[PDB]
Amino acid sequence: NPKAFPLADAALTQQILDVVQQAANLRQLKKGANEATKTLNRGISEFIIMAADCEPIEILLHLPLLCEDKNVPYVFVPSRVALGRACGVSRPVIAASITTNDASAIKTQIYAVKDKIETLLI
Amino acid sequence: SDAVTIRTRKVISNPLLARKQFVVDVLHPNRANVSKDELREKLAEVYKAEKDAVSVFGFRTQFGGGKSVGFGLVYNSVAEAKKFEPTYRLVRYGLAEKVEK
Amino acid sequence: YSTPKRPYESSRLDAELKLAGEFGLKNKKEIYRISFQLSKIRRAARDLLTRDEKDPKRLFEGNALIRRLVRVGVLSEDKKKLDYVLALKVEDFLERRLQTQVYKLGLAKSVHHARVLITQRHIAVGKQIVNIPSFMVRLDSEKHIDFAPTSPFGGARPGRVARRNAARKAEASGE
Amino acid sequence: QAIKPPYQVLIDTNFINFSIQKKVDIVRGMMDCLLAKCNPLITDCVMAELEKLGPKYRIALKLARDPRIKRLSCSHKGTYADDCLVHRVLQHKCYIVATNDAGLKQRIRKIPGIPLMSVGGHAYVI
Amino acid sequence: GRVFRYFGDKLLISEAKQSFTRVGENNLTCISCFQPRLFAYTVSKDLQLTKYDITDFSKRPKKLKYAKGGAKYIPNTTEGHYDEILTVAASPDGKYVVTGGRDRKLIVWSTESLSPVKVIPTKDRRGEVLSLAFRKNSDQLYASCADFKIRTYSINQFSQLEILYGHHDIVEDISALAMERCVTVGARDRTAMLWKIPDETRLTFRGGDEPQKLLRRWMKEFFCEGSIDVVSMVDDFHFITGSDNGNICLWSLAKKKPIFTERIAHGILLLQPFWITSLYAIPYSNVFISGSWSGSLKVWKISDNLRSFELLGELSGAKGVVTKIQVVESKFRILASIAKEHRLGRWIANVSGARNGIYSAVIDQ
RNA sequence: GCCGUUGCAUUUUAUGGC
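Residue numbers (PDB author numbering), protein chains in the order written: chain 3G, 5 to 126; chain SZ, 2 to 102; chain SK, 12 to 186; chain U4, 57 to 182; chain 3F, 130 to 165, 184 to 222, 230 to 375, 396 to 443, 469 to 529, 536 to 570.
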């Protein structure tokens, strides 16, 4: 029935958009459910961001099944326009993937976002 | 020769010494430690008196380069430069003989 | 600075080089002096855990000490309860060094390649060229760390060894 | 090595009788030379031993049953403070041993990566 | 100087002359109008600058001269633009007008014969020009740059003065007055900074008010601040900003917090508020004009005590993405650059009346 | 200035599509 769970609140959404902004600054970001599915195959994916205003929505339902197979966190965001904007990118991106790097300059922000997401998934 | 752009601030009319004191700012990107001679030339063309009616000194530059701040002087006449200036600056500018003793 | 209490002790001696292996240092003097400053803070850190709650000493000399740790870029703001201050450790001051932040921000492909790039009149953070590896970035200066206007990899000159390589081509192949 | 504050420490039998007879506290002494928040522990082997020193050492028992100190359990009837700890230090690599008994202390310097203590809260690294 | 022109009541808004011009360009990014006869300058994402005469208020802007570059000018010392031009600004002497964009250069143009009189390399691969603003009655160019910089030039001598650092994302908007100071935003850092050029200091004002506390307001009786899109300077002692959620924030130089914030202005349409895509004030006055792609320029009157502002009204004559607002006077002539998309190359959704051109609106008294 | 449409009859004025 809901099909839009979990959907994030306000300050977590802008927090995620800022983390995606520095992630696009550090080329540690994947753009597209095609690419995101490939990163879920290679096991390099930290977590997955999906949009809620994508028409249709059922093209994006494969990512929770593949993530729950791989035990990977995921949270919906309401805008695909702002989700495109946080990529340093001027046309919308429906879904983005966070890649794995322990040498990442922004790693603590990624662990805090995974703390909020993994808090919300339970 | 990189568009020197000599900037002046702190201009106060001082008629009792017949002068106008002001802080010379020398921006110099891609140019290092220009002169004392060219400075007296290029600030006398906004006051339009003469080169030897212009005194200047000071100038400890910014660290790294690209900015220089000194202290500049302009008078109303040539004879005022011979009376109101120090005796060694006129030798430095060339306007006098240093009687060595 | 201050020397540690025991100079040769097995689990600590190998713990030196795993710090020297990741960060790429040259002297345990540059390790011990970092612990020395962490020593002096931590004694003061335990002083304000004894006194009364909402002491203005615990406020003025506490929170400014807390905010300065946020200001240097070490204490994350979520742990801003003066109880993570005891849970600080050695690598976090090592992590805020100017050498290691170059490698994290692409651009260095090593921690040892970035060490050479500090001492060769390259990368500046503000408009000041920094050539000391321990410059301790203040977290408001991260996305200003960049190649210089001069000193190529930044352009407008290719440099004395690239110009000499250009010089060799003109004299034998050309004239 | 990968050991972080808050530290956890094991108080055996020889420790408390060197604390009171030198008038240095248990918890507040541990915060001194470890320089962080400490989580003390006592096992079932150690506490029931001090019931056998009972009529001469009520002082040590009435300090050990304070809620600053936590309860820890093992399940063997017949084990000691001496031998039960060595199995605890074996299968995990994240405890700190507090003692002064040399007969136990030589069983601690052999397993690498194990922090020791001293006369009552004046610490020493491995 | 302070606010002294009090004429918000004198504006006859309901019968303002509304007109529109279609032009031969796709996605005009900016418009800059000179006042000493009045001129106009337009740049588009079709690589073109076009010069109009607007001295006749009853007429639509007629065409004088136009210049379009091309792919000839690929290198960066070429005297022509080879990508999208993001901003344009005319000099206060009417002699020059400078353009720049994604080609990361600055080309100074002559107003007379429309010739490339100067090309300046920014010398950074991230030194993209975003907003050019001149000091009133001066020639000191303030250049917002995508490598988080502010670069200051002189026009008459074509030199470089100095650079300001400090921001954390791309500096979109900068506004200035006749004194030597400017307001900047960084547009994702969710702050704005005041810049004193000879003092070489900054005063940092902070947005980012959480709507969660506003939910507290929802218990007493919304949308996220994510991007401070525009900034404008009303007087030397106050200014304003425009956001990504309809909030328009009034700011005082003595107030770290917002001295006012207006809630949703151009409205919504889970739900999406419109972006504050344009914001231009009449200098030293109490009147300012905000614009969206929603189709109606909303104009507001500042109170006399500088504490709140009130609705002057709406002008519905301009459908499409308003990118830049110019206001000239003698009467008042309002021009607005309507493009099919947002300035930044951004995506726009389902816009009614997709058209490109210039909005004109004359208000008497 | 690409197309369509209307009043002046197209220059002029207003509107829809790419």
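Don't be surprised by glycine CBs; every beta carbon is placed ideally from N, CA and C.
Considered as a whole, the segment 293-326 of chain 3F harbours no complete run of any alpha helix (DSSP H) with no fewer than 4 residues. As for any alpha helix (DSSP H) of minimum length 4 sitting wholly inside the segment 32-61 of chain SZ, the runs are 38-43, ordered along the chain. For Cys-130 (chain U4), there is no enclosing beta strand (DSSP E), as DSSP marks it with neither H nor E. Here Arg-124 (chain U4) has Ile-82, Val-83, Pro-96 as same chain residues with Cβ atoms under 8 Å from its own Cβ, once five neighbours each way along the sequence are excluded. Apart from the 5 residues on each side of it in sequence, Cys-89 (chain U4) sits with its Cβ closer than 7 Å to the Cβ of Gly-177, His-178, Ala-179 in its chain, given in chain order. For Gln-25 (chain 3G), same chain residues with a beta-carbon under 6 Å away, outside a window of 5 residues either side, are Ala-90 in chain order. Straight across, the Cα-Cα distance linking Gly-67 (chain SZ) with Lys-11 (chain SZ) is about 21 Å.
If you check the CB distance, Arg-151 (chain 3F) and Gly-550 (chain 3F) do not come in under 8 Å. The alpha-carbon separation between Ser-529 (chain 3F) and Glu-153 (chain SK) amounts to approximately 49 Å. Counted as a single uninterrupted DSSP element, the alpha helix (DSSP H) harbouring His-123 (chain SK) occupies residues 123-129. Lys-60 (chain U4) reaches chain SK at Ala-98, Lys-100, counting residues in chain order whose Cβ is nearer than 8 Å. Chain-ordered, the chain 3F residues with CB closer than 8 Å to the CB of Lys-154 (chain SK) read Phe-302, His-322. If only complete runs of 3 or more residues are kept, the segment 86-147 of chain SK shows no beta strand (DSSP E) anywhere. Residue pairing by DSSP puts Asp-26 (chain SZ) in a beta bridge opposite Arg-8 (chain SZ), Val-70 (chain SZ).
Cα atoms of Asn-555 (chain 3F) and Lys-545 (chain 3F): separation of roughly 11 Å, rounded to the nearest angstrom. For the pair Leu-286 (chain 3F) and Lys-303 (chain 3F), the CB atoms are not nearer than the 8 Å cut-off.
Of all C-beta pairs linking the segment 245-264 of chain 3F to the segment 142-153 of chain SK, fewer than three are shorter than 8 Å, placing the two stretches out of contact. The three-state reading of DSSP puts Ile-261 (chain 3F) in strand, counting E and B together. Residue contact check for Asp-89 (chain SK) against chain 3G: a CB pair falls below 8 Å. Taking the Cα of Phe-359 (chain 3F) as reference, the smallest distance to any Cα among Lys-367 (chain 3F), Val-339 (chain 3F), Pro-352 (chain 3F) is reached at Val-339 (chain 3F).
Secondary-structure assignment with DSSP links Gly-254 (chain 3F) through a beta bridge to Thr-241 (chain 3F).
Contact with chain 3F is found for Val-85 (chain 3G), since one of that chain's Cβ atoms lies less than 8 Å from the residue's Cβ. DSSP, reduced to helix, strand and coil, places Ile-52 (chain SK) within a helical segment of the structure shown. Among the CB atoms of chain 3F, one or more fall inside 8 Å of the CB of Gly-137 (chain SK). Under a criterion of Cβ atoms nearer than 7 Å, the residues of chain 3F adjacent to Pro-30 (chain SZ) are, in order, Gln-314. By the criterion of at least three beta-carbon pairs nearer than 8 Å, the segment 72-79 of chain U4 is not in contact with the segment 310-324 of chain 3F. Among the CB atoms of chain SK, one or more fall inside 8 Å of the CB of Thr-112 (chain 3G). Partner residues in a beta bridge of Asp-278 (chain 3F), as assigned by DSSP, do not exist.
Relative to the Cα of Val-142 (chain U4), the nearest Cα in the group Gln-57 (chain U4), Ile-115 (chain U4), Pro-168 (chain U4) belongs to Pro-168 (chain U4).
Secondary structure of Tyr-43 (chain SK) (DSSP, three-state): helix.
Counting every other CB atom within 10 Å of its CB across the protein chains shown gives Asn-38 (chain SK) a total below 16, marking it as exposed. Going by DSSP, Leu-119 (chain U4) is part of the alpha helix (DSSP H) stretching over 114-120. Per DSSP, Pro-67 (chain SK) is one residue of the alpha helix (DSSP H) stretching across 67-83.
Short of 8 Å from the beta carbon of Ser-148 (chain 3F), and not among the five residues preceding or following it, lie these beta carbons of its own chain, in chain order: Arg-207, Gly-516, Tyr-564, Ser-565, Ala-566. Per the C-alpha coordinates, the member of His-440 (chain 3F), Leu-268 (chain 3F), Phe-413 (chain 3F) positioned closest to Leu-427 (chain 3F) is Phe-413 (chain 3F). Spatial neighbours of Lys-43 (chain SZ) in its own chain (CB-CB distance under 8 Å, excluding positions within 5 residues in sequence) are listed in chain order as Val-5, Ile-7.
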